[PDB]
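Visitor: The structure that follows is given in the form of structure tokens.
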Amino acid sequence: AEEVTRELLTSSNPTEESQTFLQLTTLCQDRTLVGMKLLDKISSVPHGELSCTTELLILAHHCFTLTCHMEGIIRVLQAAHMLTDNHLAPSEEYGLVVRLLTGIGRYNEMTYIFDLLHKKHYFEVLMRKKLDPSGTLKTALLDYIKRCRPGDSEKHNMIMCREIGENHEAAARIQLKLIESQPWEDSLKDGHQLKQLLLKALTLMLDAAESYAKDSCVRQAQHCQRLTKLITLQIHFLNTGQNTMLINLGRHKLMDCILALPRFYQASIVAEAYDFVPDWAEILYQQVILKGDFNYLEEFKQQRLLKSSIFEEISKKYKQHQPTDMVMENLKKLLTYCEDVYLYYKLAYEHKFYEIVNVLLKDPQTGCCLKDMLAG
Amino acid sequence: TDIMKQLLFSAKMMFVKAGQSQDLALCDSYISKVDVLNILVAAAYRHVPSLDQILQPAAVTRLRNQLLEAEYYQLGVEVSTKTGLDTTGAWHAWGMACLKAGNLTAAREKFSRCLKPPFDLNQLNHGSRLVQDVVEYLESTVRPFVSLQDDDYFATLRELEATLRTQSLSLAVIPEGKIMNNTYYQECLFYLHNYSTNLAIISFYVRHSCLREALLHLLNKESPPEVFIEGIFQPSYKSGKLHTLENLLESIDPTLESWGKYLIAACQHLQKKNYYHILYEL
């Protein structure tokens, strides 16, 4: 302890002299007695001894921690708070205090200066580079942004992006639910307010997806994006006047929302936002099967793909209602460019539909194989 | 946890003199558990298990699923890997998750580290069934040559409503070969080349109606005469738009030079099944 004090008094990079310090303590047999001696010698600080005494106090934790004498560390923490208050508070040594706080070890327990750094203009100064050799300083900065000082996202960006995404998503959901808290008839009068609220909710959801992206929350960003797309559809509804809407729809109301814009390119939004699965055969019984709007089917086709099994199954949905003579060509509206042999071959017999039968099974190169398609 | 480890070490210290091998095995396992406790402690999750809750295996896979629900793909993945809990399925799950978002380059980079393709070049099956699901999960949402780029943001609610009106123009205008030519199709085929084969590359372009480059690759990949037998005749028994098909078969070699048995084995599948009437034309 005397030698350490003498070397410090003589001294009266920062990561370089750490070894010069430690290798002295290495001379000891069991470091606990050395820690006791160093703690006792710490009281020998000279008049105005600040710079050397900083390293002196710093060594106390580096000693007491590796062996974990809890009471010793407790008195050490008391010593650290005392160094902060009795001397450092009058010393105003910002850099020395910062280095000490870095060397806190129990920097998890640095409440005595935690708000001080922000009050000491260290909040943006917390973004000092080359001060995180192990990266823990920035992590503690993030922890402080989460707990000690929540709200100023600027210092947050300077220093969890998932936390920001969740907060923005919560704000967007609150904005979306505020409109739904009132009746549709009551809320329809304030159309401009609806458009503005939809714009704000869309911005909040976009920020949520972006902060999830900065958080690498790919699926969460996607969910925020789907919420934003629904909010934008409601924004057009409140702005372009589409009182036939789909936003904030329940499962039961999903079919009605699809009925708001029945065509596939017009009906995809309700299914996407509320994760609703339309009755492909039963719903498709009304898209083209009875109306012929295989243009809505083409909206689906450029939007998605329907299987041949669904093609042979849609006959059931068509037969499940009163199929007008129009309904035949209505379902077949998209049948020209098709190729399916076996399922259509069975279906034609299922209804004696000589139309497509003559359409396909007539070509000798094709009507010679219609036997293998149907009777084969 | 440091003191916990030290105490466990002392437990081993007292165990060494004991001479009970089974006791030593139990102690080593408990050491493993303490290490895993520390490993989890590196994460600081919403909830953590008891040691008795860790003293049982089932909870390992329990956490394997839980962290998957916790979206800690990297952290949970590393934890499970240290645990001896494999997470290639979690890698594919992350792949699908970014697929729902579009971190496709990073997703591909992470998935190549966990790529499990079928080495057999004749894989007429899922091969990597992960690829089998991923191909659909990707190609179900093709971005064709619509006029809207992947960087259009400020499109007002009117622009969005006009997009709703014009949505069908994105992929209907995408042509037959454009189904294969898409940069989206480029990515899908790249993933295929990563962990898939042509046996399904034919069908993927088939449901999107990409044929010419499909035949070009089929020759380039040497589609088997049995492949051009089944995947043609059985689809032909299901399609029969073969006006283009016999033409393309001749397009391989009009002089019957480089296009020998591809439809010959299909004719085996047909006439062996006594299907010959249009085999006359073929």
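We name chains A, B, ... following the order of the structure tokens; residues begin at 1 in each chain, and ligands are numbered from 1 as shown.
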Range 123-129 of chain B: which residues within 12 Å, counting only C-alpha atoms, same-chain residues fewer than 3 positions away excluded, as a PyMOL selection string?

Guide: chain B and resi 88-89+92+114-120+132-136+191-203+223-224+226-227+230-231

Visitor: Take the residues from that selection and write them out as an mmCIF file, in the first residue's frame, keeping N, CA and C atoms.

Guide:
```cif
data_model
loop_
_atom_site.group_PDB
_atom_site.id
_atom_site.type_symbol
_atom_site.label_atom_id
_atom_site.label_comp_id
_atom_site.auth_asym_id
_atom_site.auth_seq_id
_atom_site.Cartn_x
_atom_site.Cartn_y
_atom_site.Cartn_z
ATOM 1 N N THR B 88 -32.174 -24.813 -36.840
ATOM 2 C CA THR B 88 -32.294 -24.583 -38.275
ATOM 3 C C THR B 88 -33.728 -24.235 -38.641
ATOM 4 N N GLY B 89 -34.688 -24.886 -37.986
ATOM 5 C CA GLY B 89 -36.071 -24.486 -38.147
ATOM 6 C C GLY B 89 -36.287 -23.035 -37.773
ATOM 7 N N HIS B 92 -35.185 -20.960 -40.655
ATOM 8 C CA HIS B 92 -36.224 -20.869 -41.676
ATOM 9 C C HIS B 92 -37.357 -19.966 -41.217
ATOM 10 N N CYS B 114 -27.325 -21.763 -42.833
ATOM 11 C CA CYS B 114 -28.108 -22.902 -42.377
ATOM 12 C C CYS B 114 -28.750 -23.627 -43.552
ATOM 13 N N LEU B 115 -28.175 -23.487 -44.744
ATOM 14 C CA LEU B 115 -28.737 -24.133 -45.920
ATOM 15 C C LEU B 115 -28.629 -25.646 -45.795
ATOM 16 N N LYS B 116 -29.733 -26.337 -46.072
ATOM 17 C CA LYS B 116 -29.803 -27.798 -46.011
ATOM 18 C C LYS B 116 -30.454 -28.321 -47.285
ATOM 19 N N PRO B 117 -29.788 -28.161 -48.423
ATOM 20 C CA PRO B 117 -30.382 -28.574 -49.692
ATOM 21 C C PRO B 117 -30.325 -30.079 -49.861
ATOM 22 N N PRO B 118 -31.020 -30.614 -50.862
ATOM 23 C CA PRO B 118 -30.802 -32.015 -51.240
ATOM 24 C C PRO B 118 -29.635 -32.148 -52.207
ATOM 25 N N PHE B 119 -28.598 -32.886 -51.801
ATOM 26 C CA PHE B 119 -27.419 -33.037 -52.647
ATOM 27 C C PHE B 119 -27.756 -33.760 -53.945
ATOM 28 N N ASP B 120 -28.662 -34.734 -53.882
ATOM 29 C CA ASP B 120 -29.064 -35.496 -55.060
ATOM 30 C C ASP B 120 -29.672 -34.556 -56.092
ATOM 31 N N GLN B 132 -39.458 -25.995 -49.972
ATOM 32 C CA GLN B 132 -40.779 -26.310 -50.508
ATOM 33 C C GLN B 132 -41.826 -25.322 -50.014
ATOM 34 N N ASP B 133 -41.779 -24.975 -48.729
ATOM 35 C CA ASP B 133 -42.722 -23.991 -48.207
ATOM 36 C C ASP B 133 -42.342 -22.574 -48.624
ATOM 37 N N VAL B 134 -41.042 -22.268 -48.630
ATOM 38 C CA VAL B 134 -40.594 -20.900 -48.865
ATOM 39 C C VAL B 134 -40.911 -20.461 -50.286
ATOM 40 N N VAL B 135 -40.835 -21.385 -51.246
ATOM 41 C CA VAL B 135 -41.122 -21.028 -52.631
ATOM 42 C C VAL B 135 -42.537 -20.481 -52.755
ATOM 43 N N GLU B 136 -43.504 -21.151 -52.125
ATOM 44 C CA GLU B 136 -44.874 -20.652 -52.133
ATOM 45 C C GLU B 136 -44.987 -19.352 -51.348
ATOM 46 N N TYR B 191 -32.922 -18.476 -54.725
ATOM 47 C CA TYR B 191 -33.146 -19.321 -53.563
ATOM 48 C C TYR B 191 -33.240 -20.779 -53.975
ATOM 49 N N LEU B 192 -33.906 -21.044 -55.096
ATOM 50 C CA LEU B 192 -33.958 -22.401 -55.612
ATOM 51 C C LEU B 192 -32.553 -22.936 -55.838
ATOM 52 N N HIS B 193 -31.737 -22.190 -56.578
ATOM 53 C CA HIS B 193 -30.360 -22.599 -56.819
ATOM 54 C C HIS B 193 -29.608 -22.773 -55.513
ATOM 55 N N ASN B 194 -29.990 -22.013 -54.490
ATOM 56 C CA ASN B 194 -29.406 -22.199 -53.173
ATOM 57 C C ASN B 194 -29.756 -23.574 -52.616
ATOM 58 N N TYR B 195 -31.047 -23.920 -52.609
ATOM 59 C CA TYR B 195 -31.451 -25.159 -51.952
ATOM 60 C C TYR B 195 -32.584 -25.895 -52.668
ATOM 61 N N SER B 196 -32.668 -25.817 -53.995
ATOM 62 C CA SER B 196 -33.720 -26.524 -54.724
ATOM 63 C C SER B 196 -33.209 -26.956 -56.098
ATOM 64 N N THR B 197 -34.072 -27.644 -56.846
ATOM 65 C CA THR B 197 -33.733 -28.252 -58.129
ATOM 66 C C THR B 197 -34.765 -27.876 -59.193
ATOM 67 N N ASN B 198 -34.544 -28.389 -60.407
ATOM 68 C CA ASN B 198 -35.402 -28.064 -61.540
ATOM 69 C C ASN B 198 -36.728 -28.808 -61.501
ATOM 70 N N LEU B 199 -36.771 -29.961 -60.827
ATOM 71 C CA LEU B 199 -37.988 -30.764 -60.794
ATOM 72 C C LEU B 199 -39.172 -29.931 -60.329
ATOM 73 N N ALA B 200 -38.921 -28.988 -59.431
ATOM 74 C CA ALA B 200 -39.931 -28.023 -59.036
ATOM 75 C C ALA B 200 -39.778 -26.683 -59.738
ATOM 76 N N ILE B 201 -38.614 -26.404 -60.331
ATOM 77 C CA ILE B 201 -38.462 -25.157 -61.072
ATOM 78 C C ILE B 201 -39.391 -25.149 -62.270
ATOM 79 N N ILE B 202 -39.725 -26.331 -62.785
ATOM 80 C CA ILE B 202 -40.700 -26.416 -63.865
ATOM 81 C C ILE B 202 -42.077 -25.994 -63.370
ATOM 82 N N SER B 203 -42.512 -26.544 -62.234
ATOM 83 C CA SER B 203 -43.859 -26.264 -61.746
ATOM 84 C C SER B 203 -43.995 -24.821 -61.280
ATOM 85 N N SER B 223 -33.426 -32.100 -68.519
ATOM 86 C CA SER B 223 -34.669 -32.657 -68.011
ATOM 87 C C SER B 223 -34.777 -34.105 -68.469
ATOM 88 N N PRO B 224 -34.976 -35.055 -67.559
ATOM 89 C CA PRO B 224 -34.932 -36.454 -67.957
ATOM 90 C C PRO B 224 -36.029 -36.759 -68.957
ATOM 91 N N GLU B 226 -37.746 -39.261 -68.749
ATOM 92 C CA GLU B 226 -38.795 -39.562 -67.787
ATOM 93 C C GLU B 226 -39.365 -38.293 -67.172
ATOM 94 N N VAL B 227 -38.543 -37.261 -66.980
ATOM 95 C CA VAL B 227 -39.070 -35.997 -66.474
ATOM 96 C C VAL B 227 -39.965 -35.349 -67.520
ATOM 97 N N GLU B 230 -43.276 -37.652 -67.456
ATOM 98 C CA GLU B 230 -44.291 -37.441 -66.438
ATOM 99 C C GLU B 230 -44.767 -36.000 -66.475
ATOM 100 N N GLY B 231 -43.861 -35.062 -66.185
ATOM 101 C CA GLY B 231 -44.245 -33.669 -66.076
ATOM 102 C C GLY B 231 -44.826 -33.088 -67.343
#
```

Visitor: Pick out the chain A residues within 6 Å of chain B. Count only C-alpha atoms. Give them as a tab-separated table (two decimals) with C-alpha atoms, in the first residue's frame.

Guide:
```tsv
chain	number	residue	atom	x	y	z
A	218	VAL	CA	-39.21	-7.63	-39.66
A	219	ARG	CA	-42.56	-9.23	-38.83
A	222	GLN	CA	-44.81	-5.79	-41.42
A	236	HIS	CA	-59.17	7.49	-48.60
A	265	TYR	CA	-58.27	-5.70	-56.51
A	266	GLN	CA	-60.83	-3.68	-54.55
A	299	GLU	CA	-57.88	-8.73	-60.38
A	302	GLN	CA	-52.86	-10.43	-61.17
A	339	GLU	CA	-55.96	-25.72	-70.22
A	340	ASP	CA	-57.14	-28.09	-67.43
A	341	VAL	CA	-58.13	-31.40	-69.00
A	342	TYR	CA	-59.20	-33.96	-66.40
A	365	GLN	CA	-54.92	-33.36	-81.93
A	368	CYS	CA	-58.08	-37.53	-79.82
A	369	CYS	CA	-56.72	-37.06	-76.27
A	373	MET	CA	-58.63	-36.73	-70.25
```

Visitor: List the neighbours of residue 85 in chain B out to 10 Å using only C-alpha atoms; skip same-chain residues closer than 6 positions along the sequence, and give me the result as number ranges by chain.

Guide: B: 60-61, 63-64, 77-79

Visitor: List the neighbours of residue 374 in chain A out to 9 Å using only C-alpha atoms; skip same-chain residues closer than 6 positions along the sequence, and give me the result as a list in words.

Guide: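 Answer for this query is residues 341, 342, 343, 344, 345, 346 and 349 of chain A.
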
Visitor: Out of range 1-107 of chain A, which residues get helix (DSSP H, G or I) from DSSP, as a short mmCIF file (atom, residue, chain, number, x, y, z; two decimals) with N, CA, C and O atoms, in the first residue's frame?

Guide:
```
data_model
loop_
_atom_site.label_atom_id
_atom_site.label_comp_id
_atom_site.auth_asym_id
_atom_site.auth_seq_id
_atom_site.Cartn_x
_atom_site.Cartn_y
_atom_site.Cartn_z
N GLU A 2 1.95 1.23 0.77
CA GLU A 2 2.87 2.36 0.79
C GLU A 2 3.50 2.58 -0.58
O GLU A 2 3.63 3.72 -1.04
N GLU A 3 3.90 1.50 -1.25
CA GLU A 3 4.50 1.64 -2.57
C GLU A 3 3.51 2.20 -3.57
O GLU A 3 3.86 3.04 -4.41
N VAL A 4 2.26 1.74 -3.49
CA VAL A 4 1.23 2.24 -4.39
C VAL A 4 1.03 3.73 -4.17
O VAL A 4 0.96 4.52 -5.11
N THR A 5 0.95 4.13 -2.90
CA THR A 5 0.79 5.55 -2.59
C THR A 5 1.97 6.36 -3.09
O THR A 5 1.80 7.46 -3.62
N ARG A 6 3.19 5.84 -2.92
CA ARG A 6 4.37 6.57 -3.36
C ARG A 6 4.38 6.74 -4.87
O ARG A 6 4.69 7.83 -5.37
N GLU A 7 4.05 5.68 -5.60
CA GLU A 7 4.00 5.78 -7.05
C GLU A 7 2.94 6.78 -7.49
O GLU A 7 3.16 7.57 -8.41
N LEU A 8 1.77 6.76 -6.84
CA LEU A 8 0.73 7.72 -7.17
C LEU A 8 1.17 9.14 -6.89
O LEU A 8 0.91 10.05 -7.69
N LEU A 9 1.84 9.36 -5.76
CA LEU A 9 2.33 10.69 -5.43
C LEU A 9 3.36 11.17 -6.44
O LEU A 9 3.37 12.34 -6.83
N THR A 10 4.24 10.27 -6.88
CA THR A 10 5.16 10.60 -7.95
C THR A 10 4.40 11.00 -9.21
O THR A 10 4.72 12.01 -9.85
N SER A 11 3.37 10.24 -9.55
CA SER A 11 2.58 10.54 -10.74
C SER A 11 1.75 11.81 -10.58
O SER A 11 1.26 12.34 -11.59
N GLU A 17 -1.94 2.29 -18.18
CA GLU A 17 -1.42 2.21 -16.82
C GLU A 17 -2.21 1.24 -15.95
O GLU A 17 -1.82 1.02 -14.80
N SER A 18 -3.30 0.68 -16.46
CA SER A 18 -4.04 -0.31 -15.69
C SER A 18 -3.15 -1.49 -15.33
O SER A 18 -3.19 -2.00 -14.21
N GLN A 19 -2.32 -1.94 -16.28
CA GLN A 19 -1.40 -3.03 -16.00
C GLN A 19 -0.33 -2.61 -15.01
O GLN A 19 0.02 -3.38 -14.10
N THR A 20 0.22 -1.41 -15.16
CA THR A 20 1.19 -0.92 -14.20
C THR A 20 0.61 -0.97 -12.80
O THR A 20 1.29 -1.36 -11.84
N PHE A 21 -0.66 -0.61 -12.68
CA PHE A 21 -1.34 -0.71 -11.39
C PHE A 21 -1.43 -2.16 -10.94
O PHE A 21 -0.91 -2.52 -9.88
N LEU A 22 -2.06 -3.00 -11.75
CA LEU A 22 -2.42 -4.34 -11.30
C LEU A 22 -1.19 -5.17 -10.94
O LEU A 22 -1.19 -5.86 -9.92
N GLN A 23 -0.15 -5.10 -11.76
CA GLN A 23 1.00 -5.98 -11.55
C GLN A 23 1.61 -5.77 -10.18
O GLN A 23 2.28 -6.66 -9.65
N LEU A 24 1.41 -4.59 -9.59
CA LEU A 24 1.83 -4.38 -8.22
C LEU A 24 1.00 -5.24 -7.27
O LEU A 24 1.55 -5.98 -6.44
N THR A 25 -0.32 -5.17 -7.39
CA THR A 25 -1.18 -5.96 -6.52
C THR A 25 -0.92 -7.44 -6.72
O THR A 25 -1.17 -8.25 -5.81
N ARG A 31 -5.52 -11.50 -2.29
CA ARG A 31 -5.71 -10.08 -2.53
C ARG A 31 -6.59 -9.39 -1.48
O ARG A 31 -6.62 -8.16 -1.46
N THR A 32 -7.31 -10.14 -0.64
CA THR A 32 -8.27 -9.50 0.26
C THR A 32 -7.57 -8.61 1.28
O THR A 32 -8.01 -7.49 1.56
N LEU A 33 -6.48 -9.11 1.87
CA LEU A 33 -5.73 -8.29 2.81
C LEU A 33 -5.16 -7.06 2.13
O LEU A 33 -5.11 -5.98 2.71
N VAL A 34 -4.73 -7.22 0.87
CA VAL A 34 -4.24 -6.07 0.11
C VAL A 34 -5.36 -5.06 -0.07
O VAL A 34 -5.14 -3.85 -0.02
N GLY A 35 -6.58 -5.54 -0.33
CA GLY A 35 -7.69 -4.63 -0.46
C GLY A 35 -7.95 -3.87 0.83
O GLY A 35 -8.20 -2.67 0.82
N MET A 36 -7.88 -4.58 1.95
CA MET A 36 -8.02 -3.91 3.24
C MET A 36 -6.96 -2.84 3.41
O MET A 36 -7.25 -1.71 3.81
N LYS A 37 -5.71 -3.17 3.08
CA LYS A 37 -4.62 -2.22 3.22
C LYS A 37 -4.82 -1.01 2.31
O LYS A 37 -4.58 0.13 2.72
N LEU A 38 -5.23 -1.25 1.06
CA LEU A 38 -5.45 -0.15 0.14
C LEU A 38 -6.59 0.75 0.61
O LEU A 38 -6.49 1.97 0.51
N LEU A 39 -7.66 0.15 1.11
CA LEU A 39 -8.76 0.94 1.64
C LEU A 39 -8.31 1.79 2.82
O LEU A 39 -8.69 2.96 2.94
N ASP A 40 -7.49 1.22 3.70
CA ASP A 40 -6.96 1.99 4.82
C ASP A 40 -6.05 3.12 4.34
O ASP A 40 -6.12 4.23 4.88
N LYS A 41 -5.20 2.85 3.35
CA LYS A 41 -4.27 3.87 2.87
C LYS A 41 -4.98 4.94 2.06
O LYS A 41 -4.41 6.02 1.86
N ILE A 42 -6.19 4.67 1.57
CA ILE A 42 -6.92 5.67 0.79
C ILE A 42 -7.14 6.94 1.60
O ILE A 42 -7.24 8.03 1.04
N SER A 43 -7.21 6.82 2.93
CA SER A 43 -7.41 8.00 3.77
C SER A 43 -6.19 8.92 3.78
O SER A 43 -6.29 10.05 4.26
N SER A 44 -5.06 8.46 3.26
CA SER A 44 -3.83 9.24 3.24
C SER A 44 -3.77 10.22 2.08
O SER A 44 -2.67 10.63 1.69
N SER A 51 -6.17 13.92 -8.80
CA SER A 51 -5.93 13.10 -9.99
C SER A 51 -5.41 11.72 -9.61
O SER A 51 -5.95 10.70 -10.07
N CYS A 52 -4.37 11.66 -8.78
CA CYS A 52 -3.86 10.36 -8.35
C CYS A 52 -4.87 9.62 -7.50
O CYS A 52 -5.06 8.41 -7.65
N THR A 53 -5.55 10.34 -6.59
CA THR A 53 -6.54 9.70 -5.73
C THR A 53 -7.69 9.11 -6.54
O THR A 53 -8.33 8.16 -6.09
N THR A 54 -7.96 9.67 -7.72
CA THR A 54 -8.98 9.08 -8.57
C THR A 54 -8.61 7.65 -8.95
O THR A 54 -9.39 6.72 -8.76
N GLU A 55 -7.39 7.46 -9.46
CA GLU A 55 -6.95 6.11 -9.76
C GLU A 55 -6.89 5.27 -8.49
O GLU A 55 -7.17 4.07 -8.52
N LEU A 56 -6.50 5.89 -7.37
CA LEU A 56 -6.42 5.16 -6.11
C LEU A 56 -7.77 4.57 -5.74
O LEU A 56 -7.88 3.36 -5.47
N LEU A 57 -8.80 5.40 -5.74
CA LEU A 57 -10.15 4.92 -5.47
C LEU A 57 -10.56 3.90 -6.52
O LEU A 57 -11.23 2.91 -6.21
N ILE A 58 -10.17 4.12 -7.77
CA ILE A 58 -10.54 3.21 -8.85
C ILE A 58 -10.02 1.82 -8.56
O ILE A 58 -10.70 0.82 -8.81
N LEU A 59 -8.81 1.73 -8.02
CA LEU A 59 -8.21 0.43 -7.77
C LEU A 59 -9.00 -0.36 -6.74
O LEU A 59 -8.94 -1.60 -6.72
N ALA A 60 -9.74 0.33 -5.87
CA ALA A 60 -10.46 -0.35 -4.80
C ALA A 60 -11.47 -1.34 -5.35
O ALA A 60 -11.57 -2.48 -4.87
N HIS A 61 -12.25 -0.93 -6.35
CA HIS A 61 -13.21 -1.85 -6.95
C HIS A 61 -12.50 -2.98 -7.68
O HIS A 61 -12.86 -4.15 -7.53
N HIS A 62 -11.47 -2.65 -8.47
CA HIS A 62 -10.74 -3.67 -9.21
C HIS A 62 -10.18 -4.72 -8.27
O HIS A 62 -9.98 -5.87 -8.68
N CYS A 63 -9.93 -4.34 -7.03
CA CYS A 63 -9.49 -5.32 -6.04
C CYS A 63 -10.67 -6.08 -5.45
O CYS A 63 -10.71 -7.31 -5.51
N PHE A 64 -11.64 -5.36 -4.89
CA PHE A 64 -12.66 -6.01 -4.08
C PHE A 64 -13.60 -6.86 -4.91
O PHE A 64 -14.21 -7.80 -4.39
N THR A 65 -13.74 -6.57 -6.21
CA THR A 65 -14.73 -7.26 -7.03
C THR A 65 -14.32 -8.70 -7.32
O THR A 65 -15.15 -9.61 -7.23
N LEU A 66 -13.05 -8.93 -7.67
CA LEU A 66 -12.65 -10.25 -8.14
C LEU A 66 -12.84 -11.33 -7.07
O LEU A 66 -12.95 -12.51 -7.42
N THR A 67 -12.90 -10.95 -5.80
CA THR A 67 -13.12 -11.90 -4.72
C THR A 67 -14.50 -11.81 -4.10
O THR A 67 -14.92 -12.76 -3.44
N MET A 70 -18.87 -8.88 0.00
CA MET A 70 -20.00 -7.99 -0.23
C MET A 70 -19.94 -6.76 0.66
O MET A 70 -20.20 -5.64 0.21
N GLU A 71 -19.62 -6.95 1.94
CA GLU A 71 -19.52 -5.80 2.84
C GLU A 71 -18.41 -4.86 2.40
O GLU A 71 -18.56 -3.63 2.46
N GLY A 72 -17.28 -5.42 1.97
CA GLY A 72 -16.21 -4.58 1.48
C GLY A 72 -16.65 -3.73 0.31
O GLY A 72 -16.41 -2.52 0.27
N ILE A 73 -17.33 -4.35 -0.65
CA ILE A 73 -17.83 -3.60 -1.79
C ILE A 73 -18.85 -2.58 -1.33
O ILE A 73 -18.98 -1.51 -1.93
N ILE A 74 -19.60 -2.88 -0.28
CA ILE A 74 -20.60 -1.94 0.21
C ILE A 74 -19.92 -0.68 0.73
O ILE A 74 -20.27 0.44 0.36
N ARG A 75 -18.93 -0.87 1.59
CA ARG A 75 -18.16 0.28 2.06
C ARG A 75 -17.47 0.97 0.90
O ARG A 75 -17.29 2.19 0.92
N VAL A 76 -17.10 0.22 -0.13
CA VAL A 76 -16.47 0.80 -1.30
C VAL A 76 -17.44 1.71 -2.03
O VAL A 76 -17.08 2.80 -2.48
N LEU A 77 -18.68 1.26 -2.19
CA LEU A 77 -19.70 2.07 -2.83
C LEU A 77 -19.97 3.32 -2.02
O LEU A 77 -20.16 4.41 -2.57
N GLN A 78 -20.01 3.17 -0.70
CA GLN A 78 -20.12 4.35 0.15
C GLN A 78 -18.96 5.29 -0.12
O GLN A 78 -19.15 6.51 -0.22
N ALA A 79 -17.76 4.74 -0.25
CA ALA A 79 -16.59 5.56 -0.54
C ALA A 79 -16.74 6.27 -1.87
O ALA A 79 -16.33 7.43 -2.01
N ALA A 80 -17.31 5.59 -2.86
CA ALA A 80 -17.47 6.19 -4.17
C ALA A 80 -18.45 7.35 -4.13
O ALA A 80 -18.21 8.42 -4.70
N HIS A 81 -19.59 7.15 -3.46
CA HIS A 81 -20.54 8.24 -3.31
C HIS A 81 -19.91 9.40 -2.55
O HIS A 81 -20.14 10.57 -2.88
N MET A 82 -19.09 9.09 -1.55
CA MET A 82 -18.40 10.13 -0.79
C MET A 82 -17.41 10.88 -1.66
O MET A 82 -17.27 12.10 -1.54
N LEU A 83 -16.69 10.17 -2.52
CA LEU A 83 -15.76 10.83 -3.43
C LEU A 83 -16.52 11.73 -4.40
O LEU A 83 -16.05 12.83 -4.74
N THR A 84 -17.68 11.28 -4.86
CA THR A 84 -18.50 12.10 -5.74
C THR A 84 -18.96 13.37 -5.03
O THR A 84 -18.89 14.47 -5.60
N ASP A 85 -19.42 13.24 -3.79
CA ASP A 85 -20.08 14.36 -3.13
C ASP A 85 -19.09 15.29 -2.44
O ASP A 85 -19.04 16.49 -2.72
N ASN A 86 -18.29 14.74 -1.52
CA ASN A 86 -17.41 15.57 -0.70
C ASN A 86 -16.37 16.29 -1.55
O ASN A 86 -16.05 17.46 -1.29
N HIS A 87 -15.81 15.62 -2.55
CA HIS A 87 -14.73 16.17 -3.35
C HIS A 87 -15.14 16.45 -4.79
O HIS A 87 -14.99 17.58 -5.26
N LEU A 88 -15.65 15.45 -5.51
CA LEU A 88 -15.91 15.62 -6.94
C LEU A 88 -16.96 16.68 -7.19
O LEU A 88 -16.85 17.46 -8.15
N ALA A 89 -18.01 16.73 -6.36
CA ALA A 89 -19.01 17.79 -6.50
C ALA A 89 -18.39 19.17 -6.38
O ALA A 89 -18.72 20.05 -7.19
N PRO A 90 -17.49 19.43 -5.42
CA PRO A 90 -16.77 20.71 -5.43
C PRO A 90 -15.66 20.77 -6.47
O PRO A 90 -15.27 21.88 -6.86
N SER A 91 -15.15 19.63 -6.93
CA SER A 91 -14.07 19.61 -7.90
C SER A 91 -14.52 19.93 -9.31
O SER A 91 -13.74 20.50 -10.08
N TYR A 94 -15.19 17.15 -14.71
CA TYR A 94 -16.14 16.40 -15.53
C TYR A 94 -15.50 15.15 -16.13
O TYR A 94 -16.09 14.06 -16.08
N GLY A 95 -14.29 15.28 -16.69
CA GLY A 95 -13.65 14.13 -17.31
C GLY A 95 -13.28 13.05 -16.32
O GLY A 95 -13.48 11.86 -16.58
N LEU A 96 -12.71 13.44 -15.18
CA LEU A 96 -12.35 12.46 -14.16
C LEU A 96 -13.59 11.76 -13.63
O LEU A 96 -13.59 10.54 -13.42
N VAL A 97 -14.67 12.51 -13.41
CA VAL A 97 -15.91 11.91 -12.96
C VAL A 97 -16.44 10.93 -14.00
O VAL A 97 -16.95 9.86 -13.66
N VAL A 98 -16.34 11.30 -15.28
CA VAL A 98 -16.83 10.42 -16.33
C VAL A 98 -16.04 9.12 -16.34
O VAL A 98 -16.60 8.02 -16.44
N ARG A 99 -14.71 9.22 -16.25
CA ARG A 99 -13.89 8.02 -16.22
C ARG A 99 -14.23 7.17 -15.01
O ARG A 99 -14.32 5.94 -15.10
N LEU A 100 -14.43 7.81 -13.86
CA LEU A 100 -14.81 7.07 -12.66
C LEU A 100 -16.14 6.37 -12.85
O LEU A 100 -16.30 5.21 -12.47
N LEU A 101 -17.11 7.06 -13.44
CA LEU A 101 -18.41 6.45 -13.68
C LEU A 101 -18.28 5.27 -14.62
O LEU A 101 -18.96 4.25 -14.46
N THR A 102 -17.41 5.40 -15.62
CA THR A 102 -17.12 4.27 -16.49
C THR A 102 -16.54 3.12 -15.68
O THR A 102 -16.94 1.96 -15.85
N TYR A 107 -21.82 0.19 -12.26
CA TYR A 107 -22.46 1.30 -12.94
C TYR A 107 -23.95 1.05 -13.08
O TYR A 107 -24.70 1.98 -13.40
#
```

Visitor: Work out how far apart CA of residue 12 in chain A and CA of residue 49 in chain A are and give it in Å to one decimal.

Guide: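 Interatomic distance, CA of residue 12 in chain A to CA of residue 49 in chain A: 7.7 Å.
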
Visitor: Quick one: residues within 10 Å of residue 210 in chain A, only C-alpha atoms, excluding same-chain residues fewer than 4 positions away - as a list in words?

Guide: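 Contacts, with the query itself left out: residues 161, 162, 164, 165, 168, 204, 205, 206, 214, 215, 216, 217, 218, 220, 221, 222, 224 and 225 of chain A.
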